[PDB]
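Asks: Just to be clear, this is only the beginning of the complex, oriented as in the whole thing:
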Amino acid sequence: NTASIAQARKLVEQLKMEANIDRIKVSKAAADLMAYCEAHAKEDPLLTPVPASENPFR
Amino acid sequence: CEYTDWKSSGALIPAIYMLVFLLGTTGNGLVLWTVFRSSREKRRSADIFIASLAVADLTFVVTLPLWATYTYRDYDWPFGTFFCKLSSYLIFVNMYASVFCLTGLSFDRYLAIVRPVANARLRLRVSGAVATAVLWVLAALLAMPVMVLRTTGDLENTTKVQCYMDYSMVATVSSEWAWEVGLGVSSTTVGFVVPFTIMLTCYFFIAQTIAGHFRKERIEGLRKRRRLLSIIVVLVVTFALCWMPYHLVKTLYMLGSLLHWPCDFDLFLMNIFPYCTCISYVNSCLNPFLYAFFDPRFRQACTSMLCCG
Amino acid sequence: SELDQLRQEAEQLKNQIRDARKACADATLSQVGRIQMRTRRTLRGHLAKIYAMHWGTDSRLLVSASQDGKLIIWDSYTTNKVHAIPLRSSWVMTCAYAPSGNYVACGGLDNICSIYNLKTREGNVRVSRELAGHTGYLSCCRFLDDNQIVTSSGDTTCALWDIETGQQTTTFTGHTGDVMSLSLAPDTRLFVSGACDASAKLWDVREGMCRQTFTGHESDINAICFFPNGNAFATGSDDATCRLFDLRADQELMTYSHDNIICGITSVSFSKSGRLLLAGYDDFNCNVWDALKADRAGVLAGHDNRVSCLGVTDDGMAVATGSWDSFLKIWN
Amino acid sequence: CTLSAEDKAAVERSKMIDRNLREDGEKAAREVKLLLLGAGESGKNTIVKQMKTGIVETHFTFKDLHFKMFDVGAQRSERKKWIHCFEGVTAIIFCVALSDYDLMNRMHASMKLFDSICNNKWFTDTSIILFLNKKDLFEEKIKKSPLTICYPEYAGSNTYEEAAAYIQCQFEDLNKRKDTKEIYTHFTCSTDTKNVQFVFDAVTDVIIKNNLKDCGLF
């Protein structure tokens, strides 16, 4: 049959599309991920608990 | 012929009473601890009775050191009237509640085992919490004459304070014998004869059901068929052996009052009765092993909690 | 024949991807003190194992689903039941609350995603649509908007559905194992899907294209959640590890594991800052991880069975957990 | 107190929801849940028709006991990702055709499936009701095709009573937890009348035995 050849081609085309990606360096990505967390740290009640008077689930 | 205290009873009864106190409170204590500490939504539908039974048995033995003291002293009661009444009432309520809890388990087991798809709508209406609420109220009322008539006093030929049922409070006439008899008979009928009849009837049918459905795969089927029928006989026999001599001696002693028996019968019944009482206490110490820790999953639950906290 | 020539090209491309990623590995993420949450609310009412839970957008309502055949809409502040919805199929694996608060999605072993209308003239809750068309169980569903829902199933595919017409408009294929979970990007443009191939894929919602494939688990991925800014994912699997992936680097960035965790992960979620990663396990509890360090930050204990689902409110105020012990709990 | 007029009303609504959930729960608690498993091209269709695409649910009533059977065929997906959803069914009904012995033979596949379910961690305490199907076909085939085709060690007569008993034993000995579950075996065919009575009786025994554990007699 040829069905298995067509399936092998589908794999090749998908991998080619993934091979062709402009990838960012990890040092930069890690730094940006950290920057988000620090910038919004003050906004997160599970990290920085809310005073009881401001807590809807008191 | 007077009264003879086989003498040695002044050491043996207090010693036995303190022993059943320690075994009874430790045993029931672990059951209540295990029952209230483990997950509730994963529990077996037996635990309300196991808890009620452990409470009745624990309370039944906890005031016992007052009676051990009374008996050790030569029937000379310190503490006074409030304690004769409180202790005696608690012993009686719990004597009734424990028996009713055992009867309740037999009935719950009957409904669950013998015709489980027919009785499903009955168990929801009479089993568990409904039964527990009723037996505790029923026990509280049956023991009520004890709080009313139990008093203290000191006879001229004794000169020691003794706890006793007064009766003159309700019988200022010769009819007094009828209060002594009516209360003893009512207590026996309700506290032993009726509950025992029910426990026997229920276990009989449970046992027929167990034998009938455990005849296949004659390795596992026989091990389970033998283990189950064996415990049923033990539960029935243990109950009767422990309570029967308490009710038998009490009944015979009353009969000898109306039927003028030889003084030797009255002295022997009076001297043996404290042992009959010690024997009845045995169920408070064995019940944890017959009904809570029989089941290996409970034994495992208790062991896991003890090994962790 | 051509079959081997194409398989050889595929292996060469796999290595180009490997090396392109290796080339970016000039750092690791590794190069919060203690978190102690308490149960504030316990939601009682389900009579069976809870498989799914989802917070609404007002941070007050919840929808949860269990095998007792019902969905319950809960008031998380008062514990009141707002609605209870009978299901046609008791084998419900997933549910979702629409972002508008108008609809609820639900389904499982019937291979159908049902859409329920919570705001009707009659006062009751009705099924508006049955999105039939998957051949395997529905493992996860999430709404993009009132007329669009994203589903994943046991037939290895994901789909974008047009609710009003009841049609699949886009089918997303390429996973080889059952697909276990979905997570939508904050802007709805991208999906991430986890599967029993021990890999995850990033999908372009508007096209049906798979943009990236993320590998690295030793076993099935059961749960995925997006990091709040949309550039990273956290996954959880049966290999008892959570993993953080970088969408711009096309790399694993960090792993979360411990020697005493040998139980699977059933659910993952992030706090608003993305600093805490929460994961539900088969140990009947939830571990809170420091997402940027991989230290354990704390433990949410209190369930008597497997924690099946987690969620964090949009305002970051609370964590809801649900389990097989039939209860939901709200932590803070 | 402390509630507004509308919160008191919201609470009353919540309480009515709880009442209805409890009543529905009590009804569900009295239904028998059966999971239907088996070999392909076997008796599963025979059993459902005599007793009476995603998961298929069939309802039955017999001797006032209400049953629900769940057919999980069609769902050709990974079993490990959903079979736990049936933890808690009263019993599993498993279908094997006796004729599978000379058709890897179908009988080998049928035993493998049985073992995967029987010894599954999610079904540790769940009993199995096993139907050995098409016994009339089996007699017609066994007289020409001996069981040594799939069970080389068999040295009995090639007839239904001995060969069928042999097959039953081969399945019942796949039970690695005889202390927790029983296998109920019935020999049936396309034409029968007793399959419903059999499931009913097997279920009644399962209910009694589960109540012995629940009641603490274990």
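Replies: Good, I have the coordinates. Residues are numbered from 1 along each chain as shown, chains lettered A, B, ... in the order given.
Asks: Contact partners for the residue lying closest to residue B:199 once chain neighbours are set aside?
Replies: Closest residue to residue B:199 apart from its sequence neighbours, by Cβ to Cβ, 6 or more residues apart in numbering or on different chains: residue B:106 at 4.6 Å. Backbone N, C-alpha and C define where each C-beta goes, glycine included. Counting by Cβ atoms under 8 Å, 6 or more residues apart in numbering or on different chains, residue B:106 touches B:198-199, B:202-203, B:206.
Asks: How about the secondary structure of residue B:106?
Replies: Secondary structure for residue B:106, judged by DSSP: H, G, I helix; E, B strand; the rest coil, is helix.
Asks: Which stretches in the stretch 151-300 of chain B count as helices?
Replies: B:176-188, B:194-213, B:220-258, B:263-287, B:296-306 (DSSP state H, counting those that start in this stretch).
Asks: I misspoke; the intended subject was chain A.
Replies: Taking DSSP state H, the helices of chain A run over residues A:3-19, A:26-39.
Asks: which one of these lies closest to chain B?
Replies: The closest of these to chain B is helix A:26-39. By Cβ to the nearest Cβ, the value is 37.1 Å.
Asks: ok, and what's touching the closest one?
Replies: Counting by Cβ under 8 Å, 6+ apart, C:24-29, C:31, C:227-229, C:231-232, C:246, C:248-249, C:251, C:253, C:273-275, C:291-292 sit against helix A:26-39.
Asks: Just the ones in strands from the residues you listed, please.
Replies: Judged by DSSP state E, the subset of these located in strands is C:232, C:246, C:251, C:253.
Asks: one more chain, chain E:
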Amino acid sequence: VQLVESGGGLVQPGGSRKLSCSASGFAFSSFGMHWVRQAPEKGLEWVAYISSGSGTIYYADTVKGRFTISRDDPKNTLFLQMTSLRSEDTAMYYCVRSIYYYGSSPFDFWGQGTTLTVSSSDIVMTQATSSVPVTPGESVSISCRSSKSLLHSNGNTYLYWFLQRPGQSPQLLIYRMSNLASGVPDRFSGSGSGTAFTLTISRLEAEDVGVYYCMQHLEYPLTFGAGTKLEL
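Replies: Let me add chain E to what's already shown:
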């Protein structure tokens, strides 16, 4: 969604009548119900309430002991049984739908009413203006004051606005002080302090001319202001 009242007409004082209110088009058993009365030349008065499930019943103290409210869910029917009727009871009686849950909108459907003729520490609210001359396209502000704060500790303000067009039963416009009723256009909006409230019509249409009512729903009895008429 429909409610149809009956049992009207002339009764002599001291007599009795029953109003029925047949419901259809909705899940009747899930809604509580209210009776609201309107004397021939007056505003609205709350009379009685029955909860869904019939757990809770309230009456105005102007009718308590003479009136009985009851429902029959299987027949979708709401009854009001009135005895010892007074000339004071001459009024249009409206059957009103109300469901309570987080996010619900109570009093969103009124019937048409039945006219009954009888021969011969409350929170109260003031609608200071009885009438406002208006033209189409004009911006109209309708005010209302309360004797008590309608803002509760739960954060909600329990103020409802209704519009009664000539020849029609009242329509719900706003159900939370600032939360607009379904089907009502963006022309309507509102706000307030908890004791002082305003209903705003950004541009008046000819079709919106009528009497606007302010209703309190914090505590029972429920109360209404006199009503403000727009004249166009």
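Asks: Let me know how buried the residue in chain D that chain A sits nearest to is, in neighbour terms.
Replies: As assessed by Cβ to the nearest Cβ, chain A sits closest to residue D:2 within chain D, at 13.8 Å. Neighbour count of residue D:2, defined by other Cβ atoms under 10 Å in any protein chain shown: 8.
Asks: isn't it right up against residue E:153?
Replies: Yes: counting by Cβ atoms under 8 Å, residue D:2 does reach residue E:153; the two are 7.2 Å apart.
Asks: residues contacting the closest residue to chain D within chain A?
Replies: Of the residues in chain A, the one nearest chain D is residue A:58, at a distance of 13.8 Å by Cβ to the nearest Cβ. Residues near residue A:58 by Cβ under 8 Å, 6+ apart: A:52, C:40.
Asks: What lies in contact with the longest strand seen in chain C?
Replies: Longest strand of chain C, by residue count under DSSP E: strand C:138-145. Contact partners of strand C:138-145, identified using Cβ under 8 Å, 6+ apart, comprise C:93-100, C:103, C:105-108, C:110-113, C:149-154, C:160, C:178-184, C:188, C:205, D:81.
Asks: of these, buried ones?
Replies: C:93-99, C:103, C:105-108, C:110-113, C:149-154, C:160, C:178-184, C:188, C:205, D:81 (16 or more other Cβ atoms under 10 Å in any protein chain shown).
Asks: Please flag which of these sit within strands.
Replies: Per DSSP E, these map to strands at C:93-97, C:103, C:105-108, C:113, C:149-153, C:160, C:179-184.
Asks: May I have the residues that are in contact with residue E:163?
Replies: E:170-171, E:173, E:208, E:210-213.
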